[PDB]
Amino acid sequence: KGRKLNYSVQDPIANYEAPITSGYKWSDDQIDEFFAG
Amino acid sequence: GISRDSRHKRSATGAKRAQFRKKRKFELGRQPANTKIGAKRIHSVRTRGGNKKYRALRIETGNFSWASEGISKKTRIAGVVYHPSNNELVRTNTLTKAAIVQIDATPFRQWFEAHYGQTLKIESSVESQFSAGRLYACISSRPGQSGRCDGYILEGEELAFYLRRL
Amino acid sequence: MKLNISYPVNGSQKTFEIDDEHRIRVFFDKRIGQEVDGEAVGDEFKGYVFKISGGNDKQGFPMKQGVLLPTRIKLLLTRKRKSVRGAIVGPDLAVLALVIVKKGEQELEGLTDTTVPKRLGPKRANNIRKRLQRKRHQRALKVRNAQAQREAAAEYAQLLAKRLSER
Amino acid sequence: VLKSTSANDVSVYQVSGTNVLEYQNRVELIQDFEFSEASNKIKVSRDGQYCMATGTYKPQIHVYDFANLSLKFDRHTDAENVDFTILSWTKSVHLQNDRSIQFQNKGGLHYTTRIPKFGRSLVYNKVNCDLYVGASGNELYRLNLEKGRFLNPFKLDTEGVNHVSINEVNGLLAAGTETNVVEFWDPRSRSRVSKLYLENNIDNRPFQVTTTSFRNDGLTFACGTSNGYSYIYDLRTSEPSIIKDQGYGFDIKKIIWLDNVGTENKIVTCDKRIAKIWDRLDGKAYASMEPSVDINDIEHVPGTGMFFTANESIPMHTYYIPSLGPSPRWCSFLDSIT
Amino acid sequence: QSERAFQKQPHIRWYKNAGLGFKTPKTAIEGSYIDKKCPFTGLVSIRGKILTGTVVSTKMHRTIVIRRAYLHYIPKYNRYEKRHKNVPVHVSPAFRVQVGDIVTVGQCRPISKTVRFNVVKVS
Amino acid sequence: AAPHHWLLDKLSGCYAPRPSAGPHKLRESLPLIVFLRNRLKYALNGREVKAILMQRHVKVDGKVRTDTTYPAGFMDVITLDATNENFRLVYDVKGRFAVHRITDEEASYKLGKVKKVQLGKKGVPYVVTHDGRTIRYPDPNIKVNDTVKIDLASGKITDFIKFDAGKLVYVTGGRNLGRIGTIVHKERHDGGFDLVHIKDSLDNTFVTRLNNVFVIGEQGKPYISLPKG
RNA sequence: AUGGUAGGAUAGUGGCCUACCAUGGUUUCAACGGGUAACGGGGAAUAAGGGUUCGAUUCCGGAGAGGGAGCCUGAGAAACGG
RNA sequence: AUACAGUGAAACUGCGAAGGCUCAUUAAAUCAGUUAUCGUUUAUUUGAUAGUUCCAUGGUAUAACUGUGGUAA
C-alpha cells in the first residue's frame, strides 16, 4: 500500500483550474423539488 | 515505458541524493503493447542494427499444441479468465504469455477423428470440451517480442492445476 | 486570370490572359477533376471541355488535388509544414491549369493547328518491340561448386569417422 | 460525389473509409488521419476546432486543427490510454490502462499522478472543479483541480463501475456498475440519492451497465448494458423504462444525444460493430452507420450532422448525414462535393 | 508445493550438473522441488568465482545473507581492522541454514537486484 | 601513448598506431608498421612501409594480408619473400616482443592454444584458437588449454600437445608474462590463481592463471626453436 | 524499502515497471549523512644523471546547441549536422 | 566510327566534414584496474560455412529533358 493512495497535496494541479459561482443553472431548491422522490 | 537502470531507485543500503543524469539511448523502455484479438497486425520495430522485432497487437491464429502427442495446430482465440500478473488484464481481455485462454477446438476434433477414426483414454474434464468445443490452453510464445501466439493445451494435471485456482 | 490549356495527345500548351471575370465565373467553386464547358468561359470556343489540373495562385502557392477549403492552409508534405492553397478554385487564382479533352467548334492557331513531336524512340528490347555464354558459365561454376563443397564436407566427415573408429 | 450506403429512405456518407480515377479525384478531408493500425478514442473540443484522437501503438494525442485540415502534433504518451476528457483551450486530462493520470498542457505533460486501483472512466466537473474517476471496486475517486487534494472516495458496491457521468444543468452523478444498479450520487452532498435497478424481459445472463449519459434538460438519463440494449429513464415512474434490443448486441459503448442541433428527440447508440440512431417516444431507427470494421467508440460534432469514429483499422471514419444537418464551416464544401 | 499459479514446473523431474566439484543431493536430482534458480537443476549456469563465509540472517525465504570476514594486511595504522561483508543468496534443497553455518556460493546470472551467488555447499 | 610490449623508443612521435581489428586482441599484438618500420627497420616511414605492403612482400601465416595495422599477435610467422625472411615472434622475459628468426620447415606450421570445443550445429566437433582458426574435427580428448599444430598450407591440425602435469608451458599474461621453465609445482584451484608453476635459474616459484598460460612442448623437446643469449 | 511468483519492456540478466504475497535489508567489524587549498585531487601517466610534494598528461561533476516536451535516422546517438 | 565512343557548365551517384565552446560544484556511485556474459548487441578485421519442379528471357511508371506558367522570393 506504499504508492497506493498517497493523500498528499501536489504542486502543479493546486491551481490548474478555477471554480464558478452560479454553476448549475438550476436552483438547489429545484434540486430538492426535483428529486424529492 | 521509461527506463532500465538502478540510478532512479534505491539499493539494498538506502541511499539518497540521486540527481544523476540525462537518460541514455540504451535505457530504452518501449510502450507496453497489450496484445488483443482483432485482425492480425504486427508492428515491425527496429533495434540493435537490423534486429527487427515483431510487436503483435491483434493476433488470432494461435498455434496451440496437443500435449500428449505434441500436435501444434491452428485455431482462434476467445478470452483469458485468470492471469494475476494483472487482475485487470483479464477484465480487459488482452493476450499475453502464460495466459490461460479459451479455444474452439474444432481442428483438434478433426485430427482426432482423422488419426483415430471414431469420435468422442483421454481425461473426462477435457472430454467435455472434446464434446462441447471450447478447451483451455495456455500461451507460450511472446507476441510482444516474437510477434507470435503459440501455446500448449490443458490436459488433465495442468487442467485441474488451473481449475482449482479459478 | 490566366488560363493554361494543354492538348496532350498533340502535345500543345498555351496560356491565355482572360480578363472580364464573368467569363471566369464558370470555374468558381469547382474542385480539381470536375469537368467544365467552353460555353460559359467563352463563345469563340464552344463545344470545349477542360479537366482542370490545379494552378498556382497569386503568391505562387500551388493547390494539391482534392482536399477542401479554397483558402490557404498549412499541411505536411514531402515531413514539414508547407503552405498549400486549397483544391477548389475561387476568385484569387493567378494561373489555372486546364486539359482540353475534346476540340469543339473553332480551330486554334496555338493549340490545335500547331503541335510538337515526341522526344526519341525506345531503348529497351521489349520497349522497342512493344548472355547465353554467361548461362553456360553460371551453370558450370554452380555444378563445380557443388562437386567441390558437398564432396569435401563428407571427405572430412570420413576423417571424423576414422578418429571415432580409432578412439 | 461520394457513394452512399443503402438505408431506410435516408442517405449517409463516409469519408476516410477502408476503401476511401479515385487517386486523381481524391476526397480526403483531413490529411494524416491514419494511426498505427487501430484507434483508441476520439472527441471534438467545445470550440469550433481542435479535435483530439488518442493513440494505439506508441500511443499519441493527435490534435487536429479543423481550420487547417491536418495534424498539429503527436505527444507519444508513456502508456496506453482508455479514457480522457478535454478541459478548455489547451489543457486536457487523461488516464491510461495502468492506474496513472496524465495532465497535458500546451507544452504537454504537466503532471503524472496516480489512483490506487485500476481505473476505467473519468469525468470533469465544471462546478467547483473535481474530476471523478471510476475504477474497480468500492472506490470512485476525486481529484479536485482546486488545491490538488483528494476527496473521501465514494463507497460503491462489490465489483466496481464501467462508466461515470455527471449531469450538466444540475449535476446528478451516474456510475454504471456491474450488478445492474446505477448508483446515483449527489455532487453536492457527497452521498447516495438512489440505487436504481435495471430490468429487461429476456435476461440472458447478469449483464453489466457500461454506458451512462444525460442531456441539457436535466430530466432524462440514457442507460446502457453489456448486451446491446439501450434504455431510457425519467423520474416519472422511474421503475420501468423503454428498451432497445440491437440486432447483433455485444456491448453498447456510446449512447449520445442530439440535444443541440435540429431534427430533435433523436439519439445515437453504438456497440462494437454498428452505430445506429433512433427517435425518442417510439423507439424506431432513424438511420445506421455500418462500417467495414469494428468500432472502439464514436463521437458526434456539435452543431452539424457529422460523426467521427475510433475503430480498429488504420484510418478513422467520418460519417456525414445530409438530412440530420449540414456540414460545418470548415467542411463547407462537403455539401458541394456530395 | 504449489502456492502460485502459471504452471509451477521445471522449464526444460529434470536434472543437470554444473560440475566443478559441487555435489547434487539426491532429492535435488529426483525430487518434487522445482529448482527454478537453484543451480543444480535450475535454469542458470555456473561461472566466475566462489566465496565462503558464515551467515547473519535467513529471515525471508530464498534470502541467505552470508557474512564474510577476511584478513587484509593493513599498512596504515599497522593493525588489522576486521573485515565484514554481506551478500543475499537464493535457497537450495540441501540445508536449512541457521546462524553460524559456514557455506560457500558461486557466481551466476543476477537473480534479484543484488544476488549473483547461489549456495552449492554446506559443511 | 604506447604499450610496453612493442619495444618502442620514446623519441618517435605523438600519435601511436592503433592496430586494426584482426585475429588477436589489441593488447596482445603488434601491427606491421611498428614491426617493419621501427623495430627491425625495413622502412623509414609510413609511406614506404605502405609502399612495400602494396608490393606485397609480407606473408604472415602463409597469406599476404597487405595492411599497415594488421595485428600480428603471438607466434604468427612473419614471412618476407626477399632474403627468405622467416620470423617467429614470441615473448621475452621482460614483456616485449622478441622476434626470433627461424627457418622454412619451422615456419611451415604454427601452434595454437585451444579455447573451447563445441557441439555447435549439425554434429560437428569444433575448435578455436587465439587467431580463431575454426578447423574441423579434432579428437574427443581436446580439453581446454591444449595445443594444436596448424598446417599453414591448408588449415588442419597436424599434431596435438596434451595439457597435463609435466608439460612445457609458455605464460603470456599477468606478472609472469613471458617465462619458461614450467616445473616446480602444479596447482589447479577452483576459479583463480590456478596454473602449473614455472622455475627460474635457482628454480623459484610463480603464480598465474589458466588462460594466461599455454603449452609449447615437452621437458627438453619443444619442436619450436627458441632464441638464446 | 527487502525478497518471492508471473507477465510487460529489453540487446539481454535484473522490482527495470506492474498484479499478488511475505516484513524485510544496512549499521559501533563504522550505515547513512557534513566541506573545501573536489581552478584541486586521485598513480591518470611520462619521467628528467641532484629541482626532493615547481618539474609530463587523461578526467574536475553532468549538461547545452534560445527554453523545457514529443518523434526520426543509424554497427554506434535520446545527433553540434532533422 | 550514320545505335555508344574525347573536352565537359548543371543534375543523380560513391564518400567528405570521422569529433569543438561555456556553465552549476559529484567523495571508490565521477574514475582506474579486474571477474563474468551457455546474462547480451555488433558494420568493419580474421578463420570457417547451402540439395522439395502434372496440362532463348518477364510489366508500366517516374526522372534528367522539352514545353506552358505562377510568385517579391
# chains A, B, ... in the order shown; residues from 1 in each chain; ligands from 1
>>> residues_around(residues="range 5-12 of chain E", least_positions_apart="3", cutoff="12 Å", atoms="only C-alpha atoms (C1' of nucleotides)", output="PDB file with N, CA and C atoms (P, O5', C5', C4', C3', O3' and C1' of nucleotides), in the first residue's frame")
ATOM      1  N   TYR B  82      -8.180 -15.759 -16.198  1.00  0.00           N
ATOM      2  CA  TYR B  82      -7.395 -15.716 -14.970  1.00  0.00           C
ATOM      3  C   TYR B  82      -5.937 -15.481 -15.323  1.00  0.00           C
ATOM      4  N   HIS B  83      -5.381 -14.377 -14.836  1.00  0.00           N
ATOM      5  CA  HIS B  83      -3.985 -14.033 -15.068  1.00  0.00           C
ATOM      6  C   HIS B  83      -3.509 -13.015 -14.038  1.00  0.00           C
ATOM      7  N   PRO B  84      -3.213 -13.425 -12.786  1.00  0.00           N
ATOM      8  CA  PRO B  84      -2.863 -12.437 -11.756  1.00  0.00           C
ATOM      9  C   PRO B  84      -1.412 -11.984 -11.783  1.00  0.00           C
ATOM     10  N   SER B  85      -0.893 -11.717 -12.978  1.00  0.00           N
ATOM     11  CA  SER B  85       0.154 -10.725 -13.142  1.00  0.00           C
ATOM     12  C   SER B  85      -0.448  -9.342 -13.293  1.00  0.00           C
ATOM     13  N   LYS B  97       1.776 -13.708 -22.675  1.00  0.00           N
ATOM     14  CA  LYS B  97       2.391 -15.002 -22.415  1.00  0.00           C
ATOM     15  C   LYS B  97       1.887 -15.564 -21.089  1.00  0.00           C
ATOM     16  N   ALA B  98       1.811 -16.900 -21.019  1.00  0.00           N
ATOM     17  CA  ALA B  98       1.434 -17.680 -19.838  1.00  0.00           C
ATOM     18  C   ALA B  98       0.007 -17.406 -19.394  1.00  0.00           C
ATOM     19  N   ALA B  99      -0.830 -16.926 -20.303  1.00  0.00           N
ATOM     20  CA  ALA B  99      -2.239 -16.740 -20.023  1.00  0.00           C
ATOM     21  C   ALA B  99      -3.003 -17.995 -20.412  1.00  0.00           C
ATOM     22  N   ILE B 100      -4.128 -18.213 -19.740  1.00  0.00           N
ATOM     23  CA  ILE B 100      -4.996 -19.354 -19.996  1.00  0.00           C
ATOM     24  C   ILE B 100      -6.230 -18.847 -20.739  1.00  0.00           C
ATOM     25  N   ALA B 137      -6.290 -23.422 -22.922  1.00  0.00           N
ATOM     26  CA  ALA B 137      -4.933 -23.588 -23.409  1.00  0.00           C
ATOM     27  C   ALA B 137      -4.123 -22.346 -23.072  1.00  0.00           C
ATOM     28  N   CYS B 138      -2.852 -22.553 -22.746  1.00  0.00           N
ATOM     29  CA  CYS B 138      -2.003 -21.522 -22.175  1.00  0.00           C
ATOM     30  C   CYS B 138      -0.956 -21.094 -23.194  1.00  0.00           C
ATOM     31  N   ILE B 139      -0.785 -19.781 -23.339  1.00  0.00           N
ATOM     32  CA  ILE B 139       0.113 -19.236 -24.358  1.00  0.00           C
ATOM     33  C   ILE B 139       1.556 -19.411 -23.906  1.00  0.00           C
ATOM     34  N   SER B 140       2.402 -19.907 -24.806  1.00  0.00           N
ATOM     35  CA  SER B 140       3.842 -19.996 -24.581  1.00  0.00           C
ATOM     36  C   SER B 140       4.617 -18.866 -25.251  1.00  0.00           C
ATOM     37  N   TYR B 152       0.200 -24.233 -25.498  1.00  0.00           N
ATOM     38  CA  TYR B 152       0.007 -25.641 -25.192  1.00  0.00           C
ATOM     39  C   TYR B 152      -1.374 -25.842 -24.589  1.00  0.00           C
ATOM     40  N   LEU B 154      -4.484 -27.680 -22.355  1.00  0.00           N
ATOM     41  CA  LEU B 154      -4.573 -28.169 -20.987  1.00  0.00           C
ATOM     42  C   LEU B 154      -5.089 -29.602 -20.996  1.00  0.00           C
ATOM     43  N   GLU B 157      -3.641 -32.925 -15.560  1.00  0.00           N
ATOM     44  CA  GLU B 157      -2.947 -32.380 -14.395  1.00  0.00           C
ATOM     45  C   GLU B 157      -2.894 -30.863 -14.440  1.00  0.00           C
ATOM     46  N   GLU B 158      -2.445 -30.300 -15.567  1.00  0.00           N
ATOM     47  CA  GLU B 158      -2.401 -28.847 -15.709  1.00  0.00           C
ATOM     48  C   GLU B 158      -3.799 -28.246 -15.765  1.00  0.00           C
ATOM     49  N   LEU B 159      -4.767 -29.012 -16.274  1.00  0.00           N
ATOM     50  CA  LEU B 159      -6.151 -28.567 -16.283  1.00  0.00           C
ATOM     51  C   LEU B 159      -6.650 -28.342 -14.867  1.00  0.00           C
ATOM     52  N   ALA B 160      -6.601 -29.382 -14.025  1.00  0.00           N
ATOM     53  CA  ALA B 160      -7.046 -29.254 -12.637  1.00  0.00           C
ATOM     54  C   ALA B 160      -6.178 -28.285 -11.843  1.00  0.00           C
ATOM     55  N   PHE B 161      -4.886 -28.204 -12.196  1.00  0.00           N
ATOM     56  CA  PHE B 161      -3.943 -27.227 -11.658  1.00  0.00           C
ATOM     57  C   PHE B 161      -4.422 -25.795 -11.860  1.00  0.00           C
ATOM     58  N   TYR B 162      -5.144 -25.525 -12.949  1.00  0.00           N
ATOM     59  CA  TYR B 162      -5.763 -24.208 -13.100  1.00  0.00           C
ATOM     60  C   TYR B 162      -7.229 -24.147 -12.668  1.00  0.00           C
ATOM     61  N   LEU B 163      -7.970 -25.256 -12.761  1.00  0.00           N
ATOM     62  CA  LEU B 163      -9.399 -25.218 -12.455  1.00  0.00           C
ATOM     63  C   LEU B 163      -9.651 -25.097 -10.963  1.00  0.00           C
ATOM     64  N   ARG B 164      -8.752 -25.635 -10.133  1.00  0.00           N
ATOM     65  CA  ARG B 164      -8.889 -25.401  -8.700  1.00  0.00           C
ATOM     66  C   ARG B 164      -8.589 -23.946  -8.356  1.00  0.00           C
ATOM     67  N   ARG B 165      -7.760 -23.274  -9.163  1.00  0.00           N
ATOM     68  CA  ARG B 165      -7.455 -21.869  -8.924  1.00  0.00           C
ATOM     69  C   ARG B 165      -8.650 -21.002  -9.273  1.00  0.00           C
ATOM     70  N   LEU B 166      -9.039 -21.008 -10.545  1.00  0.00           N
ATOM     71  CA  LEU B 166     -10.219 -20.280 -10.998  1.00  0.00           C
ATOM     72  C   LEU B 166     -10.763 -20.903 -12.280  1.00  0.00           C
TER      73      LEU B 166
ATOM     74  N   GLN E   1       3.357 -28.311  -2.635  1.00  0.00           N
ATOM     75  CA  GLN E   1       4.470 -27.481  -3.075  1.00  0.00           C
ATOM     76  C   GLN E   1       4.084 -26.658  -4.295  1.00  0.00           C
ATOM     77  N   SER E   2       2.867 -26.114  -4.280  1.00  0.00           N
ATOM     78  CA  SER E   2       2.393 -25.263  -5.372  1.00  0.00           C
ATOM     79  C   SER E   2       1.442 -24.230  -4.780  1.00  0.00           C
ATOM     80  N   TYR E  15      16.976 -32.702 -14.338  1.00  0.00           N
ATOM     81  CA  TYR E  15      18.199 -32.791 -13.558  1.00  0.00           C
ATOM     82  C   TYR E  15      19.392 -32.519 -14.459  1.00  0.00           C
ATOM     83  N   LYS E  16      20.356 -31.772 -13.931  1.00  0.00           N
ATOM     84  CA  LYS E  16      21.604 -31.497 -14.626  1.00  0.00           C
ATOM     85  C   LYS E  16      22.716 -31.426 -13.590  1.00  0.00           C
ATOM     86  N   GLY E  31      13.564 -35.154  -7.067  1.00  0.00           N
ATOM     87  CA  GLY E  31      12.634 -34.798  -6.016  1.00  0.00           C
ATOM     88  C   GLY E  31      11.587 -33.830  -6.521  1.00  0.00           C
ATOM     89  N   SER E  32      10.598 -33.579  -5.665  1.00  0.00           N
ATOM     90  CA  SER E  32       9.440 -32.773  -6.030  1.00  0.00           C
ATOM     91  C   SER E  32       9.706 -31.272  -5.989  1.00  0.00           C
ATOM     92  N   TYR E  33      10.870 -30.849  -5.506  1.00  0.00           N
ATOM     93  CA  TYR E  33      11.226 -29.438  -5.506  1.00  0.00           C
ATOM     94  C   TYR E  33      11.517 -28.968  -6.928  1.00  0.00           C
ATOM     95  N   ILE E  34      11.106 -27.733  -7.237  1.00  0.00           N
ATOM     96  CA  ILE E  34      11.075 -27.278  -8.626  1.00  0.00           C
ATOM     97  C   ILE E  34      12.471 -26.949  -9.146  1.00  0.00           C
ATOM     98  N   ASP E  35      13.317 -26.340  -8.301  1.00  0.00           N
ATOM     99  CA  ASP E  35      14.663 -25.857  -8.641  1.00  0.00           C
ATOM    100  C   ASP E  35      14.616 -24.897  -9.836  1.00  0.00           C
ATOM    101  N   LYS E  36      14.005 -23.737  -9.601  1.00  0.00           N
ATOM    102  CA  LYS E  36      13.932 -22.730 -10.652  1.00  0.00           C
ATOM    103  C   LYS E  36      15.262 -22.002 -10.815  1.00  0.00           C
ATOM    104  N   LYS E  37      15.890 -21.631  -9.700  1.00  0.00           N
ATOM    105  CA  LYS E  37      17.147 -20.895  -9.738  1.00  0.00           C
ATOM    106  C   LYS E  37      18.219 -21.522  -8.852  1.00  0.00           C
ATOM    107  N   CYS E  38      17.945 -22.657  -8.228  1.00  0.00           N
ATOM    108  CA  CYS E  38      18.991 -23.466  -7.614  1.00  0.00           C
ATOM    109  C   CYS E  38      19.811 -24.150  -8.697  1.00  0.00           C
ATOM    110  N   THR E  41      19.656 -28.256 -10.670  1.00  0.00           N
ATOM    111  CA  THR E  41      18.775 -28.473 -11.810  1.00  0.00           C
ATOM    112  C   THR E  41      18.594 -27.167 -12.584  1.00  0.00           C
ATOM    113  N   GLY E  42      17.968 -26.163 -11.955  1.00  0.00           N
ATOM    114  CA  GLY E  42      17.980 -24.768 -12.369  1.00  0.00           C
ATOM    115  C   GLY E  42      17.618 -24.365 -13.783  1.00  0.00           C
ATOM    116  N   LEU E  43      17.803 -23.074 -14.057  1.00  0.00           N
ATOM    117  CA  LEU E  43      17.961 -22.552 -15.403  1.00  0.00           C
ATOM    118  C   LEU E  43      19.289 -21.843 -15.588  1.00  0.00           C
ATOM    119  N   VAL E  44      20.020 -21.589 -14.509  1.00  0.00           N
ATOM    120  CA  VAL E  44      21.255 -20.816 -14.535  1.00  0.00           C
ATOM    121  C   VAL E  44      22.427 -21.750 -14.785  1.00  0.00           C
TER     122      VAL E  44
ATOM    123  P     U G   5      11.206 -16.938  -7.597  1.00  0.00           P
ATOM    124  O5'   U G   5       9.720 -16.899  -8.164  1.00  0.00           O
ATOM    125  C5'   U G   5       8.795 -17.903  -7.793  1.00  0.00           C
ATOM    126  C4'   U G   5       7.429 -17.639  -8.366  1.00  0.00           C
ATOM    127  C3'   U G   5       7.382 -17.070  -9.775  1.00  0.00           C
ATOM    128  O3'   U G   5       7.569 -18.053 -10.776  1.00  0.00           O
ATOM    129  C1'   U G   5       5.863 -15.903  -8.383  1.00  0.00           C
ATOM    130  P     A G   6       8.272 -17.654 -12.163  1.00  0.00           P
ATOM    131  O5'   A G   6       7.130 -16.909 -12.979  1.00  0.00           O
ATOM    132  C5'   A G   6       5.947 -17.582 -13.376  1.00  0.00           C
ATOM    133  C4'   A G   6       4.893 -16.599 -13.816  1.00  0.00           C
ATOM    134  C3'   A G   6       5.289 -15.667 -14.945  1.00  0.00           C
ATOM    135  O3'   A G   6       5.172 -16.259 -16.223  1.00  0.00           O
ATOM    136  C1'   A G   6       4.269 -14.421 -13.227  1.00  0.00           C
ATOM    137  P     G G   7       6.128 -15.778 -17.417  1.00  0.00           P
ATOM    138  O5'   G G   7       5.549 -14.356 -17.846  1.00  0.00           O
ATOM    139  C5'   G G   7       4.417 -14.263 -18.697  1.00  0.00           C
ATOM    140  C4'   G G   7       3.740 -12.919 -18.599  1.00  0.00           C
ATOM    141  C3'   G G   7       4.406 -11.769 -19.329  1.00  0.00           C
ATOM    142  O3'   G G   7       4.101 -11.762 -20.713  1.00  0.00           O
ATOM    143  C1'   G G   7       3.802 -11.076 -17.155  1.00  0.00           C
ATOM    144  P     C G  20      -2.062  -5.788  -5.884  1.00  0.00           P
ATOM    145  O5'   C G  20      -2.056  -7.232  -5.216  1.00  0.00           O
ATOM    146  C5'   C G  20      -3.004  -8.220  -5.592  1.00  0.00           C
ATOM    147  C4'   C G  20      -2.450  -9.603  -5.377  1.00  0.00           C
ATOM    148  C3'   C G  20      -1.683  -9.788  -4.083  1.00  0.00           C
ATOM    149  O3'   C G  20      -2.510  -9.938  -2.944  1.00  0.00           O
ATOM    150  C1'   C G  20      -0.428 -10.704  -5.853  1.00  0.00           C
TER     151        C G  20
END
>>> residues_around(residues="range 32-44 of chain F", least_positions_apart="2", cutoff="6 Å", atoms="only C-alpha atoms (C1' of nucleotides)", output="ChimeraX atom specification")
/F:49,68-70
>>> write_last_selection(atoms="N, CA, C and O atoms", output="CSV table (one decimal), in the first residue's frame")
chain,number,residue,atom,x,y,z
F,49,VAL,N,56.5,2.0,-45.8
F,49,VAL,CA,56.0,0.7,-45.4
F,49,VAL,C,54.7,0.4,-46.1
F,49,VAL,O,54.4,-0.8,-46.4
F,68,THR,N,48.6,-2.1,-43.1
F,68,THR,CA,49.6,-1.4,-42.2
F,68,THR,C,49.4,-1.9,-40.8
F,68,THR,O,50.3,-2.3,-40.1
F,69,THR,N,48.2,-1.7,-40.3
F,69,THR,CA,47.9,-2.0,-38.9
F,69,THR,C,47.2,-3.4,-38.7
F,69,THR,O,46.2,-3.6,-38.2
F,70,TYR,N,47.9,-4.4,-39.2
F,70,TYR,CA,47.4,-5.8,-39.1
F,70,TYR,C,48.0,-6.4,-37.8
F,70,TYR,O,49.2,-6.6,-37.7
>>> interface_residues(of="chain B", to="chain G", cutoff="7 Å", atoms="only C-alpha atoms (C1' of nucleotides)", output="CSV table (one decimal) with N, CA, C and O atoms, in the first residue's frame")
chain,number,residue,atom,x,y,z
B,1,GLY,N,7.1,2.7,-22.0
B,1,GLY,CA,8.0,2.5,-20.9
B,1,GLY,C,8.9,3.7,-20.6
B,1,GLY,O,8.9,4.7,-21.3
B,3,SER,N,12.5,3.1,-18.6
B,3,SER,CA,13.9,3.0,-18.2
B,3,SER,C,14.3,1.6,-17.9
B,3,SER,O,13.5,0.7,-17.9
B,4,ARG,N,15.6,1.4,-17.8
B,4,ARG,CA,16.2,0.2,-17.2
B,4,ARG,C,17.5,0.6,-16.6
B,4,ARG,O,18.6,0.5,-17.2
B,5,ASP,N,17.5,1.1,-15.3
B,5,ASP,CA,18.6,1.5,-14.6
B,5,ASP,C,18.3,1.5,-13.1
B,5,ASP,O,17.2,1.9,-12.7
B,12,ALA,N,20.1,-1.8,-1.8
B,12,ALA,CA,19.9,-2.6,-0.6
B,12,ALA,C,20.6,-1.9,0.6
B,12,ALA,O,20.7,-2.5,1.7
B,13,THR,N,21.0,-0.6,0.5
B,13,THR,CA,21.5,0.1,1.6
B,13,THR,C,20.8,1.4,2.0
B,13,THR,O,21.0,2.0,3.0
B,21,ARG,N,21.5,11.9,-14.1
B,21,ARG,CA,22.0,12.0,-15.5
B,21,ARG,C,20.8,12.1,-16.4
B,21,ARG,O,19.7,11.7,-16.1
B,24,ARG,N,20.1,7.7,-21.2
B,24,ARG,CA,20.7,7.4,-22.4
B,24,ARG,C,19.8,6.6,-23.4
B,24,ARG,O,18.6,6.4,-23.1
B,25,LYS,N,20.3,6.3,-24.6
B,25,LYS,CA,19.5,5.5,-25.5
B,25,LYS,C,19.3,4.1,-25.1
B,25,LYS,O,18.3,3.5,-25.3
B,29,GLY,N,12.9,1.9,-22.7
B,29,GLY,CA,11.7,1.2,-22.4
B,29,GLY,C,10.6,1.6,-23.4
B,29,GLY,O,10.1,2.7,-23.4
B,30,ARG,N,10.2,0.6,-24.3
B,30,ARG,CA,9.1,0.9,-25.2
B,30,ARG,C,7.7,0.8,-24.5
B,30,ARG,O,7.7,0.3,-23.3
B,32,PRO,N,4.1,-0.6,-23.4
B,32,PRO,CA,3.6,-1.9,-23.2
B,32,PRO,C,2.5,-2.2,-24.2
B,32,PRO,O,1.3,-1.8,-24.0
B,48,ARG,N,18.9,-2.4,-32.5
B,48,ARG,CA,20.3,-3.0,-32.5
B,48,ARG,C,20.7,-3.5,-33.8
B,48,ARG,O,20.9,-4.7,-34.1
B,49,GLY,N,20.9,-2.6,-34.8
B,49,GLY,CA,21.2,-2.9,-36.1
B,49,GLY,C,19.9,-3.3,-36.8
B,49,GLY,O,18.9,-2.8,-36.5
B,84,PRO,N,-3.2,-13.4,-12.8
B,84,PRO,CA,-2.9,-12.4,-11.8
B,84,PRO,C,-1.4,-12.0,-11.8
B,84,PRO,O,-0.8,-11.9,-10.7
B,85,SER,N,-0.9,-11.7,-13.0
B,85,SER,CA,0.2,-10.7,-13.1
B,85,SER,C,-0.4,-9.3,-13.3
B,85,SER,O,0.3,-8.3,-13.2
B,86,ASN,N,-1.7,-9.3,-13.6
B,86,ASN,CA,-2.6,-8.1,-13.5
B,86,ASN,C,-4.0,-8.6,-13.5
B,86,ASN,O,-4.5,-9.2,-14.5
B,87,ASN,N,-4.8,-8.4,-12.4
B,87,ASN,CA,-6.1,-9.0,-12.4
B,87,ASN,C,-7.1,-8.1,-13.1
B,87,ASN,O,-8.3,-8.5,-13.3
B,97,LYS,N,1.8,-13.7,-22.7
B,97,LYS,CA,2.4,-15.0,-22.4
B,97,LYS,C,1.9,-15.6,-21.1
B,97,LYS,O,1.5,-14.8,-20.2
>>> residues_around(residues="residue 72 in chain E", least_positions_apart="3", cutoff="12 Å", atoms="only C-alpha atoms (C1' of nucleotides)", output="list in words")
residues 69, 75, 76, 78, 79, 80, 81, 82, 83 and 84 of chain E
>>> atom_distance(atom1="CA of residue 3 in chain C", atom2="CA of residue 73 in chain C")
23.4 Å
>>> interface_residues(of="chain E", to="chain H", cutoff="12 Å", atoms="only C-alpha atoms (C1' of nucleotides)", output="number ranges by chain")
E: 18, 43-50, 106-111, 116
>>> residues_around(residues="residue 3 in chain G", least_positions_apart="3", cutoff="9 Å", atoms="only C-alpha atoms (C1' of nucleotides)", output="ChimeraX atom specification")
/E:60-63,112 /G:22,24
>>> closest_atom_pairs(of="chain H", to="chain B", cutoff="10 Å", atoms="only C-alpha atoms (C1' of nucleotides)", output="Markdown table")
| residue | atom | partner | partner_atom | distance |
| --- | --- | --- | --- | --- |
| H:26 | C1' | B:20 | CA | 9.1 |
| H:29 | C1' | B:7 | CA | 8.9 |
| H:41 | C1' | B:48 | CA | 6.0 |
| H:42 | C1' | B:49 | CA | 7.8 |
| H:43 | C1' | B:49 | CA | 8.7 |
>>> atom_distance(atom1="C1' of residue 65 in chain H", atom2="CA of residue 119 in chain C")
8.7 Å
>>> residues_around(residues="residue 32 in chain H", least_positions_apart="6", cutoff="10 Å", atoms="only C-alpha atoms (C1' of nucleotides)", output="list in words")
residues 42, 43 and 44 of chain G
>>> interface_residues(of="chain D", to="chain A", cutoff="9 Å", atoms="only C-alpha atoms", output="PyMOL selection string")
chain D and resi 87+91+103+110-111+113-117+126-129+144-151+168-171+193+219+235
>>> select_by_dssp(residues="chain B", states="alpha helix (DSSP H)", output="count of residues only")
30
>>> interface_residues(of="chain D", to="chain G", cutoff="7 Å", atoms="only C-alpha atoms (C1' of nucleotides)", output="ChimeraX atom specification")
/D:74-76,107-108
